[PDB]
Amino acid sequence: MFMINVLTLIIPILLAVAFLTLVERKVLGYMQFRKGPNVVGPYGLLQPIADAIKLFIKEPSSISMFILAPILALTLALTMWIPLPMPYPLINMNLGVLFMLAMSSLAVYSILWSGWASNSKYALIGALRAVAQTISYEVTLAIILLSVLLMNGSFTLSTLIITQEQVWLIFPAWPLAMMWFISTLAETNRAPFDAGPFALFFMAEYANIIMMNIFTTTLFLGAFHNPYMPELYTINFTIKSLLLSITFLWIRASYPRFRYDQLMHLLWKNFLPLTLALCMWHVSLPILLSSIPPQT
Amino acid sequence: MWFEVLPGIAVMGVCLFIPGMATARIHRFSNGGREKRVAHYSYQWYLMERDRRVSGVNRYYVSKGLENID
Amino acid sequence: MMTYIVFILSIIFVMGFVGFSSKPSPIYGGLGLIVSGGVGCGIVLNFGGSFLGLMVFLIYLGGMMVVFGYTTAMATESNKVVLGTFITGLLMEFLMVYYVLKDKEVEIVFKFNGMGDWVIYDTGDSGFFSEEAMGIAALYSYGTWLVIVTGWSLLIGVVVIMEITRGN
Amino acid sequence: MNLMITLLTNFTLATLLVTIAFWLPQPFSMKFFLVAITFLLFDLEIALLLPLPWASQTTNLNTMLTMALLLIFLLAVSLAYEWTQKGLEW
Amino acid sequence: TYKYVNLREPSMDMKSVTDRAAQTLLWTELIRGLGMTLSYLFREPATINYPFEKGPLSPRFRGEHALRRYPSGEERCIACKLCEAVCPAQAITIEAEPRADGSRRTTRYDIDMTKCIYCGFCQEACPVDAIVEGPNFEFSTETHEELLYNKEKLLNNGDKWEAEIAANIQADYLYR
Amino acid sequence: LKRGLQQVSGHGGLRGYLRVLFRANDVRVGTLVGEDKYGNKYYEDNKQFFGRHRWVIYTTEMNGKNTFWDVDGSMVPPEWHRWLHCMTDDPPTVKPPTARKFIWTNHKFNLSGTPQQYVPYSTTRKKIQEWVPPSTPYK
Amino acid sequence: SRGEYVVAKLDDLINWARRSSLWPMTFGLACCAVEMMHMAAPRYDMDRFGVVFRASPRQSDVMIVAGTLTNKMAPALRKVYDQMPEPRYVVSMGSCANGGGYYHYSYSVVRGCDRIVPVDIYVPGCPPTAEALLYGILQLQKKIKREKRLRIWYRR
Amino acid sequence: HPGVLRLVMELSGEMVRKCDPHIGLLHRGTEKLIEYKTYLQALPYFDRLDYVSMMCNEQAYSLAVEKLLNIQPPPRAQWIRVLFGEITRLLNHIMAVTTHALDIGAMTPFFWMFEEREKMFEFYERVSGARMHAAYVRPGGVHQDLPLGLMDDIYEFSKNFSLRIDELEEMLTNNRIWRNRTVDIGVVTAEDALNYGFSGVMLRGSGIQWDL
Ligand code: SF4
Ligand code: SF4
Ligand code: SF4
């Protein structure tokens, strides 16, 4: 039965990614001005299934490095929905947010290995700069994560989903949460913040995207947990994660890519004092409001 | 409008709904109707361990309550 | 599928250290060292094991080999000696495994009781606060001097790095 | 063995998907370097900082407050030193 | 008269600088751009289904390169070579024998659809309005053999419709 | 509230509604202008915007073809091709024909890459007419 | 002949999969590039078909030559064409590209892209109508409906 | 692809030393082909040397020939020529803005204004019939005048397009990030703008007042 838990965890995320591709193409069309895909298949679902099939059919380093980059990217994509408390998480990790950070770092490894095995100097310097702007935001992500769980005591994240029954945690740290959400945009490598098997590489990218969406929805807000009926909590949680993913599309389809030096200059000299000042305020302040959270 | 985008969004919303609901279904199914315990600390592990010891069936969910009194 | 999983993971650990001690191309070396750090983290997370290896998993395998691969890719870019030393190191591994298994004790200059050992281990004692996590939850009450000199050496490392890489 | 089995299933399904994906056909910049070492040092100071909420329940609150502000203040001072000394220009 | 742009500075009034700083620190006009593109999300999309609704045209569109003929009559071309004389890409090849019954005619009247730039100079120049651009644009030819028209291809192409070109010439005997 | 439920019955039944939407694309039925040879139907709405006034709906098996799927351009007769591009605002039921005896009534459609498509050849008789050597052999 | 029936339906499946997506790369030199980016406009979506513009030549499906191919261009053209995956299909758009056309009689014009790459679908026009280019993509998709690759591999 | 050009840049990294824009890739022999053809038969060469200015190049060639040939064209020809000149100017500026956007990133304003550009192509369809290369401006006044039922449609377009360009400035134009992308770069000294042969929008931007 535990193997059935495993398969229901790691198989339907692939269907989730494929239907995310159709949703982002459709909604970005309706943003832009486009019906479509609506011709191949009823309302475009056979179209992404055929996308994945056709990309599997085609007939395209150091086969060590050439295979060890996408195998690591996609095993990260599989392993990284382990402790997310869709009410009962699959493994009750006593500390999981540090696991989130560590596997972001492993994704950095995957991109660097594929860039090394690309073996062409323009792609090499491009992958190098992409590694630097992937690594340049795991500072801010870590420190904001630190300050938002300092309000809630423990790394366990189940205590977090307890503590967000009273208020949505977007209120008692809104600018901190906003800066974390911009750093999720940076870590997902999408607009504004910017060879094979592209199916695997693409797949790992979008699974990391939906991971950050779900982790945003769990880390900051949620619904009241019904005793002995978690279906309603799962419904409202999933709808909030989907509305944030549509909001993520909504930010995608409207802004140009930054210049790379503007990106770094913006990160250091604009996030990094402001994150530090907000984080020291969340250090010094719960000791001033007679409120330190109970690590159990 | 959105009149042709809610099919894909609805199907993908079911496809994201399914692992949590199936996991809760299996957590209730694989405990005799109870909830799985969560021992973060060694104290709750010892408490759970003596619980599965005194059930006799090597299965703690039975919990043999107020029946081995006298 | 058996008891001695600590000894098994330690064999994979020694395999990894040999696999980059044979001096390969340095990105093969980085791959082997990532595998070594992962199974060392698995070992310490198997000795309970709550926090500290996973803590350093961010740092040693999240903040070090990235910088090594970075500075290897922007510096520079099969042979019988490397493969020969790897096979002989594997052979010394095989011989030490054999002398652990089909003997009683192994001595390099010690005595090692040759059997897989969960011993010694805690006797299920009531912690309730996850001892090593509260150990790391020191340094901030009793740790006056230590974090002072540590942060001070961090600041001096900063100014040293930039000066050597052409301050200003 | 739960999470070891899950990890192994992730690895095996990923290798299955890679083998299906494979078998069916069948000079530099100095500014690059300072980003890495700047990350390395600030990530080390992260590694010092982040077990703070485990610690946040002591009886010597004033000492914890003072050394915590010492740590973040030194992090911001190292940032301020490279900021004044044009440490990340382009 | 010159009405030039950006001769103005952000004035140093305290409300001006705190509104610009709120624009900076709170991303406000960015969110205004978000609201703009959502206002175009909720519109009705301006697409057309192609294979069931073909796009609009004019009566004066330039198409197909057909030869016409008289009302139940002979070939309206005479082989007077004007269409080669003004064809800029020179895709028109004309060779003109007179036929058996004394009247002057052709042998060979060829267009290269590869070469034709579709101006209708031959349309403006044919003195009897024989060669006329058609309405439709559907060739999509798999071969480079087929895109060299001959006289019987052009006459069958003129056989494939007249009532279209009848309505077009009835719409364009007045302007052209 | 109303349009998404009075449309299947407004199409005639769930046989056709499955047919019309799974066919290719669209469900904007209802105006019933005409139909013409090789079965095809022609509708003109007066409710939506320009370019979505008019549409053909093709039929199957019109030249030994089984064209339920993969509909072509120019399966259409030419008078509806005048109608459909909005070269006129008037249907071709006013005066379609002409009394000329050379127009196809068959409309041999797009045919490239079939057993039947056009090939080029020089439509000219003999060029130089060589001297034929004689019949009776000397010596 | 259950094997042959499986071969028929499986060939149907992979031919449907090949014709379904077809994301191209736009080569696009002159004003026919403007016409391609006008048949990606709202009034003619390639994205109704799943046909998505993409500048990645390592995953391109159909190469659309469009514009005035020159001698100075042509080695770069076939260097692009070589590092394209073996399922490749070629649309020659425009009278410049399907036979030289208006700049036929000059130096530095290859007389159509037949001399460089093999061509599947010629579509004429100077410029072609966007609507006509979409029709040309439809007739290419009917060619992809007519492949019988798996039948030929079954009885080769 | 990032037009189509050879760029040969030489740089210290994330930076520059000097570059060479190599062009000649799209060379077609237009001047030679006009040297063998006549005036009317080569007016399309001027129509498609530049392809965006599908009427302004026509107007320039026709005024070259009319200036050489002593012909003052009639007034309604002049007004129709000026109307189409301003329309093609509108289309050329809107392409410049939108391909600047699609170069920079910035997906959606490209498609808004290409809906607009499809409508103006439809007006060229009704006037000449050609999609883009409406040659149509014969030397000696414009042949084949505009048909009945057009000017009020241009009037309707004018109202709706003034709204759509207000909405385009709402989208772009004092955005934080587009300003952040391109303000600092591309300064041109107006004295050097005169001497380096910069003409048109460059003289608009750098200082000195000029308009033909
Ligand atoms: S101009 Fe007309 S009549 Fe003269 S040769 Fe050409 S098609 Fe024939
Ligand atoms: S339309 Fe132009 S290129 Fe074509 S045949 Fe006529 S004159 Fe020649
Ligand atoms: S065929 Fe005509 S429209 Fe196309 S690139 Fe050539 S000149 Fe331009």
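Preceding this paragraph is the structure being described.
What comes next concerns the included structure.

Reading the values: rules and limits
- Residues numbered from 1 in each chain as written, not as in the entry; some residues may be left out.
- Chains lettered and ligands numbered in written order.
- Part of a larger assembly, values for the part shown.
- Heavy atoms only, no water.
- Core = buried A, V, L, I, M, F, W, Y, C linked by side-chain atoms within 4.5 Å.
- Buried < 20%, exposed > 50% of the residue type's maximum accessible area, 1.4 Å probe, protein only.
- Contact = heavy atoms within 4.5 Å.
- Near = heavy atom within 4 Å.
- Nonpolar A, V, L, I, M, F, W, Y, C, P; charged D, E, K, R; others polar.
- Salt bridge = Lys/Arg side-chain N within 4 Å of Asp/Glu carboxyl O.
- Helix = DSSP H or I, 4+ residues; strand = E, 2+ residues; numbered from the N terminus.
- Arc of directions from axis to C-beta.
- Polar contact = N/O pair within 3.5 Å; in protein donor to acceptor, adjacent residues only side chain to side chain.
- Pairing = 2+ DSSP bridges.
- Axes fitted to C-alpha atoms, helices over the stretch in contact; angles between N-to-C directions.

### Concerning the nonpolar core
- Counting residues in hydrophobic clusters, the biggest one holds 174 residues, and the most contacted among them are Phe 155 and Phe 215 of chain A.
- Discounting chain neighbours no more than four positions away, the residues touching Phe 215 of chain A are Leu 84, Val 97, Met 100, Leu 145, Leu 157 and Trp 180 of chain A.
- Listed in part, the 55 residues of the second largest apolar core include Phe 121 and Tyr 149 of chain E together with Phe 27 and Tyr 102 of chain G.

### Looking at the site of ligand 2
- The local shell around ligand 2 consists of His 65, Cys 87, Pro 88, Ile 92, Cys 116, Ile 117, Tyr 118, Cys 119, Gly 120, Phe 121, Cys 122 and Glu 133 of chain E.
- Classifying every residue of the shell around ligand 2 gives 9 nonpolar, 2 polar and 1 charged.

### Some details on the site of ligand 3
- Around ligand 3, the surrounding shell consists of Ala 30, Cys 31, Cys 32, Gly 67, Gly 94, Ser 95, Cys 96, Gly 125, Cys 126 and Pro 127 of chain G together with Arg 48 and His 133 of chain H.
- The local environment of ligand 3 is shared, drawing residues from chains G and H.

### Let's talk about the pattern of salt bridges
- Scanning the model with the defined rule gives 39 salt bridges over all chains in all.
- Here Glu 53 of chain E makes a salt bridge to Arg 28 of chain F, at a shortest N to O gap of 2.3 Å. With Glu 53 of chain E in the loop between α2 (28-41) and β1 (66-67) and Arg 28 of chain F in the loop between α2 (14-23) and β1 (34-35), this residue pair bridges two chains.
- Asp 211 of chain H is the partner of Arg 204 of chain H in a salt bridge, and the nearest nitrogen-oxygen pair spans 2.9 Å.
- Looking at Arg 204 of chain H, the relative accessible area reads 45%, which means it is partly exposed.
- Residues joined in a network through salt bridges with shared partners are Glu 35 and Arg 43 of chain G together with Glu 118, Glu 125 and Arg 131 of chain H.

### Details of α2 of chain F
All names here are of chain F.
- Considered for burial, the residues of α2 that qualify are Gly 16, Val 20, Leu 21 and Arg 23. For α2, the arc enclosing every buried residue in end-on projection is 160°, short of the 170-degree limit, so these residues lie on one face. Looking at α2, the residues exposed on the side facing more than 90 degrees away from the buried face are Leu 14, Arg 15 and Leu 18.
- As for α2, its buried residues are in contact with α1 (8-11).

### A few points about the interface of chain G and chain F
- Counting from both sides, the interface comprises 7 residues of chain G and, opposite them, 9 residues of chain F.
- Applying the counting criterion to the chain G and chain F interface returns 2 salt bridges.
- Note that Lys 145 of chain G is salt-bridged to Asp 70 of chain F, the shortest N-O span being 2.5 Å.
- In this structure, the connection of chain G to chain F is made through 7 residue pairs in polar contact.
- Residue classes in the side of chain G that touches chain F are distributed as 2 nonpolar, 1 polar and 4 charged.

### Here we look at the arrangement of the chains
- In this assembly, 17 pairs of chains are in contact, and the pair contributing the most contacts is chains E and F.
- There is a gap between chain B and chain F: no contact, and a shortest C-alpha distance of 10 Å.
- Separating chain C from chain G is a minimum C-alpha gap of 24 Å, and the two share no contact.

### With respect to the sheet that holds strand β5 (residues 148-149) of chain E
All names here are of chain E.
- Taken in spatial order, the 3 strands make up an open sheet running β2-β3-β5, and their pairing is antiparallel. Looking at the sheet topology across the chains shown, the edges are occupied by β2 (93-95) and β5.
- Where strand β3 (residues 108-112) meets β5, 2 bridges bridge the pair, whose relative direction is antiparallel. Along β5, the bridge assignment pairs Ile 111 with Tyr 149.
- Set on the sheet, helix α5 (residues 151-160) makes contact with β3 and β5; between it and β3 the angle comes to about 80°.

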